[PDB]
Each structure stands twice: as C-alpha cells, then as structure tokens.
Number of protein chains: 2
Amino acid sequence: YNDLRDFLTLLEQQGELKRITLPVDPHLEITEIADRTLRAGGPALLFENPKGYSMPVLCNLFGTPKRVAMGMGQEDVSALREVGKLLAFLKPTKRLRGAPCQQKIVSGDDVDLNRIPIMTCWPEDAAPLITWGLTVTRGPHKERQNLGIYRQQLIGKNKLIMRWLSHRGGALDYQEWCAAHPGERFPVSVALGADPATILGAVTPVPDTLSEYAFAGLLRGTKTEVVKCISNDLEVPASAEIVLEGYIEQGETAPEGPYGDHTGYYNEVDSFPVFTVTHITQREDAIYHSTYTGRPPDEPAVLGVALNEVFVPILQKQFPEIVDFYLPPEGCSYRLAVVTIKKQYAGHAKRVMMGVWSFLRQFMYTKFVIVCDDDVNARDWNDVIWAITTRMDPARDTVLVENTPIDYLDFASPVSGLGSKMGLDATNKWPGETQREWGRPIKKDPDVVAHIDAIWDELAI
Amino acid sequence: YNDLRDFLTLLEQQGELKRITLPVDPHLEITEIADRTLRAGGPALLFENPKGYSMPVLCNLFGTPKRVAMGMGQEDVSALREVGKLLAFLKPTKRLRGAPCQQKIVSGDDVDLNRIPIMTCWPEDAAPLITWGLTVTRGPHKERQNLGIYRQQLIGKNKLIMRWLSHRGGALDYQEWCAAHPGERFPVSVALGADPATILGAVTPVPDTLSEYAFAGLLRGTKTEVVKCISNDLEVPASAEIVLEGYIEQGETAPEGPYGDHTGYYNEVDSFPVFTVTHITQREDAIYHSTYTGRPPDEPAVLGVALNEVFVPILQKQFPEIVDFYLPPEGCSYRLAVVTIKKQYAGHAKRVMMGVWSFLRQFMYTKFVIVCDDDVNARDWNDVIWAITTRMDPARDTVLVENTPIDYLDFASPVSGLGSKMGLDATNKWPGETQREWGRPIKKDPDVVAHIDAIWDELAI
C-alpha cells in the first residue's frame, strides 16, 4: 500500500496501531515498553511524545506476524509462502524529485543529529543507536545498487558509525571504492522510515540479477517511486521520512559499543568506519522509523520468524521431503532449527541436516538441527521434546561435526569463528538403523480432529 | 544430427567410427575388445559380423568424451558446460507412423528374442544381457512419460527382466499401475538403437516439469520425431532401430544374475519383474545399440565423466566458490569426488562437503569427498595426493559421518544400505584452524606457462 503513512493508517483502523500521547524517553524507556508489548503481543507503537523531543518515534511496527502479511498485500500469514514461491522461480523503478522525501534540507554545519530521537536501547550501551536506517551504496565499477540495515551509533555532532559486516555486498561496495579511486571519499545514503514494500525487501536475500528496489517495490502493487539525492548521484527511496547523505573518510574509524545483541549479551568494543553526514533531508511532520534487539524475542526475532516462512518454499523445492522448517526465537532466530520430513529411507535424516547446514547461506551458522517425522509439530516444544526422548539413542543418533564455520561473535565456540555443530536424528528408525521392533505411535483421527473444530467455539472454554 | 545412422556416418568420416568385418561373438568377445579399445582409447565399434548372426552390434559409441560432445552439437567438450547452464536456468514433440521404426513387425508366437545379438558380457554372468534399451512407461493417472536404461536379462523365448530400481519414476509408474487397476497388465515399450539426442537425454535427470523427449530432442536442432506403438497407446522414438512392445504380468518375476557390475564385482542373485514382449518391431538393415560395464573404466564410466561436466554449472550456480568438481572412474564414477574451491573463511571446506553430500540426489551416495584449494588440479592424482599429504593433519582434518544413506548393493557398509562417509579437508588452514605458520606454496608464473605453450609443438618431444 502506497507510502509508509498510507500503510500506517490501515493498522490504526483495525486496532493494529497504538497512539501513546505520554512523554517517553528515547533513552531505554521506549525500548522497555515495546518489549512488554511484543512479549505479550500488543500493537505497533507511535510516540508523538518523545521526552525533550517533538519528532514521532515509531517502533514495534512488524512486532507480530500479522503486521507483516498485511504489509505484503494479504491478511493470511499463509501467502508468505507465495513470497517464497517467488524468489525460487526467479532461478521496475520510477524516479521523482520535489518528491516528499527532500522537502526540508539541512546541510553543512547546520547538521546536528541530536535533533533526532535516536533510541538508547539497553543498560550499558555506548551512545544512542540508529537501528533502522536502510543504507544505500553503489559499486564504482557497475551501476547496480545495494540496500542494508546496519546499526548506526552516533559518536559525534554529525558523525555516524557504519557497522557493516565484511561479507555484505554493501561492505564490498566500499572496499572496491577505495581500491579503484584510492584516498577518495565513498558516497553513502541511508534512508529512514520507509514504506512497507521496500522495507521487507531490505531484510531479504535476492540473487544479484535483480535490483532490490524491483523485488521490494513489486511486493506492493506499485513500481518504486525513487529519487536522486541532493549531495550524490545514488538513489534513495522517495516515500522516505528522513534521508541521510554523506560519505566515509578513508581510514577514519571509531570504537563501537558495548551494545546488547539479540543474542542476549553485550558485544565488546571493536572498531568500525565513520559515515559523516553532510545533509539531513526530511519532510515536516516527518517520522523516524526505529527498533531494538535483546535477549529474544524482539522485533527482528519476530521479523525472523516472519522471514523464515518465506524460506520454506525455497527449501521445499530443493527438499520435497521437508514438511516443515522453523527456527525458534529462543535460539536467537538462527542458531537452532527444527525440520520435519516424510522419511523415505534409512539414513534420510542426515541428508537433511547437511542440506540445512549448507544450502542456504543464512543457515550455515546453525549449531543445532533436530529432524523429526511429519507427525511431530515443529513449532511445539511438547512434540519436539517427545520426539527426541522417545525416538533416539543419544550416542547412536547424534551427528557431531567439528571445525565448521561459526559466528565471529559467538563466544561459546572454541576459537573465534570456528566451532562445531550438532545434528539430532529424532526420526523413527527403520531397520538398518535399529534391530529392535519400534513402537507404534498413537495417531489421532483427522476426522475426530475436524469435527471438534466446528464445535470449539460453540463449546466456549 | 537427425537420426542415429546420420550421426553414425559423421564419425566414420573423421576416423571416429571403426568397421570390424571379422566374426565376433556376442558372448563375452565383443565386450573384451571394446574394453581394450576404451582402456587405450580407440573409436566406436560396429560389428557387421556377429558370430552365428547377421544383425550389426554397435558398442563403445560414447566411449570417449569427444564422441559425446559431437553427439550434442559441438566439437569442444567445453560447451558440455552449456548443457548444464540449461538445466539450472529451467528452475516440443512431432509424431509419425509408417516412420522408419516399425517397417518390420513380428508379434505373438513369432517373437523369438534369440533372433537378436544380445551381448553376454563377462565370465559367470547369467544369460545374455540387453544393456541399452530405452524403457518407456506411462503413469495411469497423468499422461506425462518416462525414459530409462535398465539391464534386461533374457530368461525365456520372449521373456525379459525389468531390472528397475524402486526409486526411478519408471518403477513408480508400474507401482501406481497395479494400484489403480489391480490384477491388470502394465504396458511397457523399450526402444533400441536411437539417435544421439534422446539417448543422452535418457542418461540424465530432468525436473518433472518438462518431458524428456522435449529436453532430449532439443539437444539436437530438431524437435523429436515420435510415434504411437502398434500394441499400446504410449510413445516410442521414431528414429529407432528395434522397438520392443509388451507388458508385465502382475506378480510374475524371475531370479536375476549373477552379473558383474561397473563396481568390478558380481551382483548376487535377487529377483525382478518379467516384461513379456508380444511385438518386436524393426527396420531392415536395422541395428541394435549395445554396451557393457565392469571394473572401471567402461562406457557408462566415461559416459559418467561426460555427464559430470554437465553437473558442474548446476553446482557452481549454487556453490560459486567451487572452481571444479570431478568424480573419478577409478571410484566407480560416483563413490569418490574431488572438489576444488576459492576458500573464503576457516571452516569453509565443510560447507562444501555437506553440500556435495546433499544438494544433488546423484551425489548422496558418495563415500569420499576431498576438498582442496584452486591451486590443485582436481583431475590429477599428483596434485590431490600432494594436497592431502602437505595440507592436512589427518585426525584434525577428516570429517567422519555415520549412519548415512548408502547403496543397497555396497557390501562394504556395515548394514545393508546404511554406511558412513568421509570428508577430507585438504584446504590450506587459515588461522583458527591451525596455530602454526603455514607454508608458502611455490606457484608457477602464468606468463611462463603461456609462453611455453606457443612453443610446445615447435619443440617436438
């Protein structure tokens, strides 16, 4: 639906947006509330009263599954499947100017970032943290562009940190910019508070054949209204609320953190490049879209559970035996995985593990995989825990693999960025696998299950 | 190129076909020769003199790599890559009658298979073995058809064995035919001595979205000339030399073997369905296309090395780090694999192993995987053996995985169809992986390598 405010109004109508008029602190307070809400499951929150401020602070926007699907075109969290039928089958822009995004420009020394209500998220964080900027960058060589969400710690008056992670095509953009034009400044533009369509295209992997304004905008019904930036010849989305324009001074970096991670812990200080902003271009009643992360759940963590319903089809195409796949938010949205399969032969559950650990680059860091038959609900601990404890001999049934790629930040692994993984084969063991008669699992009649649904309300309990 | 005889003539021109006028026995003799030829590398062999017979016996047709590529349209074994760019990007027929294939029909009791020169391949085989029939079958439910090469041991006067392997969509065709119409005969048609285009489409995996007359025939420049069979309403290719038509009597089966496998060993007797042929329809100077397998090399084994150059692109799309991939014929064309990569981080070689073991269903049974950097030639034992012995601590560097899917026939695995695998990480170890300074490998100047090529002939040695 159109631009961010157009989407905004839809929610407020159906009781999916909430209006807080009370004075709320960007320092830790707005965070605390959004967690209470998300942990129990309230609506999105808009804050027309930041304490000592006057710019609205929007958080918890995609804070439950339903906020995502409506943000994609539908009502049913079932057509998130169809978003994923899309990316595996693939195996367009529209420019403006006096476009709403740049109506108010503040350049040069007038640039004071203390003017915006950036969230200070948790107890011993460093400075306040810009958590929801959609970073735009260009490769010097080609022309095709790159989006990304990095956490942007404000250190100075108009200085910001680019916490990008080496691998990202976004980081690779800067690296090749110093390489071809050495000692020369690298233009970046980070756009804030955007429309639903490109925003869910920003937390998503696309094959490098199609731009992520073309996929993202065609999750909406309308091709992407974009624009030239004032200080550079790279594109920011037009539906924007605040747009940041600057460059990174070559060699110049600052100490970053501590910050709490969605891991539930404090990242220890480590240094990163300084994006210096020469322009802050905005609307009027302009908004600033924001979030946070911590000991899971959190917004990304739900956004994560959201995202993965999208992956399922991709996985299913490649792995038809996979009935269902799911990474819990308890396990940092990515560290543990339950897969459920139609088992087709002894040994089967291992083909699946190694598949999971390798096929998608997202799932390359997943320490724990638990594979069970299609009569186990992946999404329920009752089932999975039953699964594990009735259907496995632990030593017989556990794949342990060593010296594999693991997070540079995961302090549990024996060395930095190299640790071990564990598969759990909790599938019923066919012969070859066991020499004992296996148990006949109680299975429920789908009929009886069906009749009792028609009756469930008109039974009120 | 057109139909099989049209392709046949091209070879004989460039010294790639050979004419044996001497009396040769289908029992073991024609086999022995084709092995001598293939082991050193002679041409294809046509036998206008089978001993006690008069039908030509064609073997060793794709017996070296070059015979394959010309059979696909080109001269360079480099555009076999492009055959594989095709199958991953995809992620049409033309009927005749008095078509050459059915000019001579022998039905009913006149059907005597002792009329054909079926090869008796190795020492203590069972009966003679029809090794190169392209089996056609239809699913009763849908309409879309299936091709496959199974080994067809003649037991009786007009009786033949269907050695199909449960998984095959071809076998699944028969299983669903007994299921919907029980106690009812299952029509099959097996076409012999066909044109290059559908023949290389017969030893190939296609996604079930496109028929394998449509892929196969469009490896040629001409859409597939096909036909209705006389005794059934399923299609055989028209460019055929002999076409077999019959049905399988439900429940009826015979003891199969012993036979030597491309494994280099004798398969022990195990029972399979009996395809009873009511019609043998042929041309006149009709031919019968044939081969054999044994302790590798052999035709399939080269055909295997042929096939895998096709897989490389598919693998590369999914695995951009893979410089090269290759399964040796010494290792039964499928049991061992060398992969070479641009290593991008510690742990990397394991992401590759598990990928190899899982991504493609062909490579799910591969006991041994050896991964090395891109400065090792996968195709050379000199390099790989050096690789292993300079770049690995064996216990540190070997992934052992247990209880995985393995061949039902591989008698080395501890139980039937369930055995273990071994990855070998022979990549240079980056820090994290080793705490020692690694060696600086001697690398050759590509310039010096280039200049010495221009000189190699005009140096004659």
# chains A, B, ... in the order shown; residues from 1 in each chain; ligands from 1
call {"tool": "interface_residues", "arguments": {"of": "chain A", "to": "chain B", "cutoff": "10 Å", "atoms": "only C-alpha atoms", "output": "MDAnalysis selection string"}}
result
chainID A and resid 88:91 167 317:319 344:361 364:365 396:406 414:420 425 431:433
call {"tool": "residues_around", "arguments": {"residues": "region 172-180 of chain B", "least_positions_apart": "5", "cutoff": "10 Å", "atoms": "only C-alpha atoms", "output": "ChimeraX atom specification"}}
result
/B:136-141,145-146,164-167,185-188,248,250-251
call {"tool": "closest_residue", "arguments": {"among": "A:106, A:282, A:334, A:292", "to": "residue 151 (chain A)", "atoms": "only C-alpha atoms"}}
result
A:292
call {"tool": "closest_residue", "arguments": {"among": "A:210, A:372, A:30, A:302", "to": "residue 92 (chain A)", "atoms": "only C-alpha atoms"}}
result
A:210
call {"tool": "atom_distance", "arguments": {"atom1": "CA of residue 159 (chain B)", "atom2": "CA of residue 113 (chain B)"}}
result
8.3 Å
call {"tool": "residues_around", "arguments": {"residues": "residue 77 (chain A)", "least_positions_apart": "2", "cutoff": "9 Å", "atoms": "only C-alpha atoms", "output": "VMD selection string"}}
result
chain A and resid 65 to 66 68 to 70 74 to 75 79 to 81 306 309
call {"tool": "closest_residue", "arguments": {"among": "A:235, A:393, A:112, A:299", "to": "residue 155 (chain A)", "atoms": "only C-alpha atoms"}}
result
A:112
call {"tool": "select_by_dssp", "arguments": {"residues": "region 47-284 of chain B", "states": "strand (DSSP E or B)", "output": "PyMOL selection string"}}
result
chain B and resi 50+57-59+93-96+104-107+119-120+129-130+134-138+145-149+152-154+159-161+186-192+224-228+235-237+242-256+259-260+266-267+270-282
call {"tool": "write_last_selection", "arguments": {"atoms": "C-alpha atoms", "output": "PDB file, in the first residue's frame"}}
result
ATOM      1  CA  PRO B  50      28.373 -61.245 -35.091  1.00  0.00           C
ATOM      2  CA  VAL B  57      26.198 -54.947 -32.997  1.00  0.00           C
ATOM      3  CA  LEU B  58      27.156 -51.342 -32.159  1.00  0.00           C
ATOM      4  CA  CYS B  59      29.131 -50.711 -28.931  1.00  0.00           C
ATOM      5  CA  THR B  93       7.266 -33.267 -29.935  1.00  0.00           C
ATOM      6  CA  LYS B  94       6.408 -34.409 -33.517  1.00  0.00           C
ATOM      7  CA  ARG B  95       4.514 -37.681 -34.259  1.00  0.00           C
ATOM      8  CA  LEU B  96       4.875 -40.065 -37.280  1.00  0.00           C
ATOM      9  CA  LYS B 104       9.015 -54.796 -39.869  1.00  0.00           C
ATOM     10  CA  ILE B 105       6.610 -56.160 -37.153  1.00  0.00           C
ATOM     11  CA  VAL B 106       6.847 -59.630 -35.564  1.00  0.00           C
ATOM     12  CA  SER B 107       4.127 -60.306 -32.972  1.00  0.00           C
ATOM     13  CA  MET B 119      25.757 -59.291 -25.507  1.00  0.00           C
ATOM     14  CA  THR B 120      26.900 -61.901 -22.976  1.00  0.00           C
ATOM     15  CA  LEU B 129      22.054 -59.122 -21.273  1.00  0.00           C
ATOM     16  CA  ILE B 130      20.148 -56.399 -23.196  1.00  0.00           C
ATOM     17  CA  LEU B 134      15.497 -47.048 -23.539  1.00  0.00           C
ATOM     18  CA  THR B 135      12.427 -48.099 -21.479  1.00  0.00           C
ATOM     19  CA  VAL B 136       9.204 -46.111 -21.924  1.00  0.00           C
ATOM     20  CA  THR B 137       6.361 -46.174 -19.389  1.00  0.00           C
ATOM     21  CA  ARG B 138       3.240 -44.141 -18.602  1.00  0.00           C
ATOM     22  CA  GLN B 145       6.036 -40.048 -19.831  1.00  0.00           C
ATOM     23  CA  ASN B 146       9.290 -41.548 -18.505  1.00  0.00           C
ATOM     24  CA  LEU B 147      12.503 -42.955 -20.070  1.00  0.00           C
ATOM     25  CA  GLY B 148      15.204 -45.155 -18.501  1.00  0.00           C
ATOM     26  CA  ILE B 149      18.057 -47.591 -19.197  1.00  0.00           C
ATOM     27  CA  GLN B 152      17.394 -56.602 -19.498  1.00  0.00           C
ATOM     28  CA  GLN B 153      18.344 -60.243 -18.904  1.00  0.00           C
ATOM     29  CA  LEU B 154      16.631 -62.573 -21.371  1.00  0.00           C
ATOM     30  CA  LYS B 159      10.506 -63.059 -21.713  1.00  0.00           C
ATOM     31  CA  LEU B 160      12.709 -60.191 -20.465  1.00  0.00           C
ATOM     32  CA  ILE B 161      13.586 -58.849 -16.988  1.00  0.00           C
ATOM     33  CA  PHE B 186       1.128 -52.959 -17.239  1.00  0.00           C
ATOM     34  CA  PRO B 187       2.103 -51.757 -20.770  1.00  0.00           C
ATOM     35  CA  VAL B 188       5.776 -51.001 -21.376  1.00  0.00           C
ATOM     36  CA  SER B 189       7.733 -50.166 -24.517  1.00  0.00           C
ATOM     37  CA  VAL B 190      11.536 -50.274 -24.742  1.00  0.00           C
ATOM     38  CA  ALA B 191      13.140 -48.623 -27.822  1.00  0.00           C
ATOM     39  CA  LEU B 192      16.620 -49.737 -29.067  1.00  0.00           C
ATOM     40  CA  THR B 224      11.568 -35.099 -31.610  1.00  0.00           C
ATOM     41  CA  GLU B 225      10.041 -37.298 -34.365  1.00  0.00           C
ATOM     42  CA  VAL B 226       7.974 -39.772 -32.272  1.00  0.00           C
ATOM     43  CA  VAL B 227       5.162 -42.388 -32.845  1.00  0.00           C
ATOM     44  CA  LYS B 228       2.285 -44.480 -31.421  1.00  0.00           C
ATOM     45  CA  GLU B 235       5.114 -43.324 -27.402  1.00  0.00           C
ATOM     46  CA  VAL B 236       8.482 -44.718 -28.620  1.00  0.00           C
ATOM     47  CA  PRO B 237      11.005 -42.576 -30.564  1.00  0.00           C
ATOM     48  CA  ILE B 242      14.378 -52.104 -32.940  1.00  0.00           C
ATOM     49  CA  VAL B 243      11.265 -51.394 -30.755  1.00  0.00           C
ATOM     50  CA  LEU B 244      10.098 -53.838 -28.041  1.00  0.00           C
ATOM     51  CA  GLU B 245       6.415 -53.857 -27.055  1.00  0.00           C
ATOM     52  CA  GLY B 246       4.819 -55.911 -24.303  1.00  0.00           C
ATOM     53  CA  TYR B 247       3.524 -55.834 -20.747  1.00  0.00           C
ATOM     54  CA  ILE B 248       4.456 -57.170 -17.306  1.00  0.00           C
ATOM     55  CA  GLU B 249       2.294 -59.965 -15.841  1.00  0.00           C
ATOM     56  CA  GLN B 250       1.336 -58.852 -12.366  1.00  0.00           C
ATOM     57  CA  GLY B 251       3.141 -60.732  -9.579  1.00  0.00           C
ATOM     58  CA  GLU B 252       5.333 -62.627 -12.052  1.00  0.00           C
ATOM     59  CA  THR B 253       9.120 -62.257 -11.564  1.00  0.00           C
ATOM     60  CA  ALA B 254      12.373 -64.257 -12.160  1.00  0.00           C
ATOM     61  CA  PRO B 255      15.773 -64.746 -10.363  1.00  0.00           C
ATOM     62  CA  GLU B 256      18.234 -62.164 -11.789  1.00  0.00           C
ATOM     63  CA  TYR B 259      26.188 -60.064 -13.269  1.00  0.00           C
ATOM     64  CA  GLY B 260      29.447 -58.129 -12.986  1.00  0.00           C
ATOM     65  CA  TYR B 266      29.483 -59.967  -9.140  1.00  0.00           C
ATOM     66  CA  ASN B 267      25.998 -58.896  -8.048  1.00  0.00           C
ATOM     67  CA  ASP B 270      17.969 -61.231  -6.478  1.00  0.00           C
ATOM     68  CA  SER B 271      14.527 -61.280  -8.188  1.00  0.00           C
ATOM     69  CA  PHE B 272      12.818 -58.744 -10.544  1.00  0.00           C
ATOM     70  CA  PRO B 273       9.642 -58.354 -12.778  1.00  0.00           C
ATOM     71  CA  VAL B 274       9.217 -60.094 -16.176  1.00  0.00           C
ATOM     72  CA  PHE B 275       8.447 -57.832 -19.190  1.00  0.00           C
ATOM     73  CA  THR B 276       6.923 -60.212 -21.746  1.00  0.00           C
ATOM     74  CA  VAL B 277       7.329 -58.989 -25.339  1.00  0.00           C
ATOM     75  CA  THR B 278       4.367 -59.544 -27.730  1.00  0.00           C
ATOM     76  CA  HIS B 279       5.940 -57.476 -30.550  1.00  0.00           C
ATOM     77  CA  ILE B 280       9.461 -56.960 -31.848  1.00  0.00           C
ATOM     78  CA  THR B 281       9.122 -54.160 -34.424  1.00  0.00           C
ATOM     79  CA  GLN B 282      12.254 -53.194 -36.501  1.00  0.00           C
TER      80      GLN B 282
END
call {"tool": "residues_around", "arguments": {"residues": "residue 72 (chain B)", "least_positions_apart": "5", "cutoff": "7 Å", "atoms": "only C-alpha atoms", "output": "ChimeraX atom specification"}}
result
/B:197,219-220
call {"tool": "write_last_selection", "arguments": {"atoms": "C-alpha atoms", "output": "mmCIF file, in the first residue's frame"}}
result
data_model
loop_
_atom_site.group_PDB
_atom_site.id
_atom_site.type_symbol
_atom_site.label_atom_id
_atom_site.label_comp_id
_atom_site.auth_asym_id
_atom_site.auth_seq_id
_atom_site.Cartn_x
_atom_site.Cartn_y
_atom_site.Cartn_z
ATOM 1 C CA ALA B 197 19.845 -36.512 -28.849
ATOM 2 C CA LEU B 219 19.858 -31.076 -27.656
ATOM 3 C CA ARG B 220 19.604 -31.695 -31.379
#
call {"tool": "select_by_dssp", "arguments": {"residues": "region 149-372 of chain B", "states": "alpha helix (DSSP H)", "output": "ChimeraX atom specification"}}
result
/B:169-180,196-202,214-217,299-318,348-356
call {"tool": "write_last_selection", "arguments": {"atoms": "C-alpha atoms", "output": "CSV table (one decimal), in the first residue's frame"}}
result
chain,number,residue,atom,x,y,z
B,169,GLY,CA,9.9,-42.6,-11.7
B,170,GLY,CA,9.9,-45.5,-14.2
B,171,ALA,CA,9.4,-48.1,-11.4
B,172,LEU,CA,7.0,-45.8,-9.6
B,173,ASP,CA,5.0,-45.9,-12.9
B,174,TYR,CA,4.3,-49.7,-12.6
B,175,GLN,CA,3.6,-49.4,-8.9
B,176,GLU,CA,0.8,-46.9,-9.4
B,177,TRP,CA,-0.5,-49.0,-12.3
B,178,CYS,CA,-1.1,-52.1,-10.2
B,179,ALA,CA,-2.6,-49.7,-7.5
B,180,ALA,CA,-5.4,-48.1,-9.6
B,196,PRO,CA,22.2,-39.2,-30.1
B,197,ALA,CA,19.8,-36.5,-28.8
B,198,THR,CA,17.3,-38.5,-26.9
B,199,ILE,CA,20.0,-41.1,-25.9
B,200,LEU,CA,21.9,-38.5,-23.9
B,201,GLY,CA,18.6,-37.3,-22.6
B,202,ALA,CA,18.0,-40.9,-21.3
B,214,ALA,CA,11.5,-32.2,-25.2
B,215,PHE,CA,14.8,-31.7,-23.4
B,216,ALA,CA,16.5,-34.6,-25.2
B,217,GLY,CA,15.3,-33.7,-28.7
B,299,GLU,CA,31.3,-46.9,-21.4
B,300,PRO,CA,28.9,-45.7,-18.6
B,301,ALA,CA,32.1,-44.7,-16.7
B,302,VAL,CA,33.2,-42.4,-19.5
B,303,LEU,CA,29.5,-41.5,-20.0
B,304,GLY,CA,29.8,-40.7,-16.3
B,305,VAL,CA,32.8,-38.4,-16.7
B,306,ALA,CA,30.9,-36.9,-19.6
B,307,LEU,CA,27.7,-36.4,-17.6
B,308,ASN,CA,29.5,-34.7,-14.7
B,309,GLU,CA,30.9,-31.9,-16.8
B,310,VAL,CA,27.2,-31.2,-17.2
B,311,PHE,CA,26.6,-31.0,-13.5
B,312,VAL,CA,29.4,-28.6,-12.8
B,313,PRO,CA,27.4,-25.5,-13.7
B,314,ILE,CA,24.4,-26.6,-11.6
B,315,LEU,CA,26.8,-27.0,-8.7
B,316,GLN,CA,28.6,-23.8,-9.5
B,317,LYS,CA,25.3,-21.7,-9.5
B,318,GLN,CA,24.5,-23.0,-6.1
B,348,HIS,CA,34.7,-23.4,4.5
B,349,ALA,CA,35.6,-26.9,3.3
B,350,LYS,CA,32.9,-28.4,5.5
B,351,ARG,CA,30.1,-26.3,4.0
B,352,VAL,CA,31.2,-27.7,0.6
B,353,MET,CA,31.3,-31.4,1.8
B,354,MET,CA,27.8,-31.3,3.2
B,355,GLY,CA,26.7,-29.5,0.1
B,356,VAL,CA,28.1,-32.2,-2.1
call {"tool": "atom_distance", "arguments": {"atom1": "CA of residue 265 (chain A)", "atom2": "CA of residue 366 (chain A)"}}
result
18.3 Å
call {"tool": "residues_around", "arguments": {"residues": "residue 209 (chain A)", "least_positions_apart": "2", "cutoff": "10 Å", "atoms": "only C-alpha atoms", "output": "MDAnalysis selection string"}}
result
chainID A and resid 90:91 144 206:207 211:212
call {"tool": "write_last_selection", "arguments": {"atoms": "N, CA, C and O atoms", "output": "PDB file, in the first residue's frame"}}
result
ATOM      1  N   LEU A  90      12.434 -17.271  -9.799  1.00  0.00           N
ATOM      2  CA  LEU A  90      13.440 -16.390 -10.452  1.00  0.00           C
ATOM      3  C   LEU A  90      14.853 -17.004 -10.437  1.00  0.00           C
ATOM      4  O   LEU A  90      15.850 -16.317 -10.166  1.00  0.00           O
ATOM      5  N   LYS A  91      14.926 -18.296 -10.732  1.00  0.00           N
ATOM      6  CA  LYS A  91      16.174 -19.026 -10.732  1.00  0.00           C
ATOM      7  C   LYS A  91      16.232 -19.860 -12.006  1.00  0.00           C
ATOM      8  O   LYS A  91      16.172 -19.311 -13.108  1.00  0.00           O
ATOM      9  N   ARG A 144      24.610  -1.099 -10.540  1.00  0.00           N
ATOM     10  CA  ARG A 144      23.538  -1.738  -9.767  1.00  0.00           C
ATOM     11  C   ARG A 144      23.743  -1.626  -8.252  1.00  0.00           C
ATOM     12  O   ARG A 144      24.834  -1.930  -7.743  1.00  0.00           O
ATOM     13  N   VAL A 206      18.378 -11.497  -2.191  1.00  0.00           N
ATOM     14  CA  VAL A 206      17.967 -11.595  -3.577  1.00  0.00           C
ATOM     15  C   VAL A 206      19.174 -11.989  -4.421  1.00  0.00           C
ATOM     16  O   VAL A 206      20.288 -11.529  -4.151  1.00  0.00           O
ATOM     17  N   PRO A 207      18.965 -12.863  -5.429  1.00  0.00           N
ATOM     18  CA  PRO A 207      20.016 -13.127  -6.411  1.00  0.00           C
ATOM     19  C   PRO A 207      20.416 -11.829  -7.114  1.00  0.00           C
ATOM     20  O   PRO A 207      19.547 -11.032  -7.479  1.00  0.00           O
ATOM     21  N   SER A 211      17.592  -5.942  -9.057  1.00  0.00           N
ATOM     22  CA  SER A 211      17.800  -4.929  -8.017  1.00  0.00           C
ATOM     23  C   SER A 211      16.749  -5.087  -6.930  1.00  0.00           C
ATOM     24  O   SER A 211      15.659  -5.605  -7.186  1.00  0.00           O
ATOM     25  N   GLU A 212      17.088  -4.647  -5.719  1.00  0.00           N
ATOM     26  CA  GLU A 212      16.215  -4.827  -4.554  1.00  0.00           C
ATOM     27  C   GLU A 212      15.315  -3.599  -4.280  1.00  0.00           C
ATOM     28  O   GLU A 212      14.813  -3.381  -3.165  1.00  0.00           O
TER      29      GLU A 212
END
call {"tool": "atom_distance", "arguments": {"atom1": "CA of residue 337 (chain A)", "atom2": "CA of residue 322 (chain A)"}}
result
12.7 Å
